């Protein structure tokens with residue numbers, strides 16, 4: 001039965017102003033557009049953390065950081081996940097960092 005956790009992609013978000021935010025589909029490794037069909041680029045770190053939590057509600061995301069590598073992404077969409085174009089844009093995505101909760105006195 002021996003495992004391969006690496007078959008799951010890392011949770012991350014990517015932004016390009018003028019288009020809906022993208023995020024990594026953990027299960028299939030593809031970049032998908034915004035689940036609500038409405039969210040566009042975010043200009044605060046706190047907003048990006050909130051967005052990670054919205055897209056990955058069960059992952060215990062507690063922090064975010066820019067990824068090491070720039071990434072090319074196709075299929076950016078407008079509101080409603082409409083007028084999706086194959087035109088590529090490269091951006092630096094943000095990794096959604098899973099937190100390990102511990103107890104305090």
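Residue under question is residue 96, and the condition is that it be surrounded by 12 or more Cβ atoms within 10 Å (Cβ to Cβ), in a helix (DSSP H, G or I), in contact (Cβ under 8 Å) with a residue 40 or more places away in the chain and touching a strand residue (DSSP E or B) at 6+ places or on another chain (Cβ under 9 Å); does it hold? No. The single condition among (1) on the phi < 0 side of the Ramachandran plot; (2) in contact with a strand residue (DSSP E or B) (Cβ under 7 Å, 6 or more places away or on another chain) that residue 75 does not meet is (1). Scanning the range 43-72 for residues that are within 15 Å of residue 21 (Cα to Cα), out of contact with any strand residue (DSSP E or B) (no Cβ under 8 Å at 6 or more places or on another chain) and exposed (fewer than 11 other Cβ atoms within 10 Å of the Cβ) yields 43, 44.
Being part of a loop (DSSP other than H, G, I, E, B) and touching a helix residue (DSSP H, G or I) at 6+ places or on another chain (Cβ under 8 Å) is a description that does not apply to residue 57.
Identify all residues within the range 63-79 that are within 17 Å of residue 48 (Cβ to Cβ) and either touching a residue at least 60 places away in the same chain (Cβ under 8 Å) or part of a strand (DSSP E or B) (or both); write none if there are none. The answer is 63, 64, 65, 66, 71, 73.
Any read-out appearing in this document is the output of simple, stated calculations on the displayed coordinates, not a laboratory observation. A quick note on method: Cβ atoms are made from the backbone with ideal geometry, for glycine too, and the neighbour counts reach across all protein chains shown.
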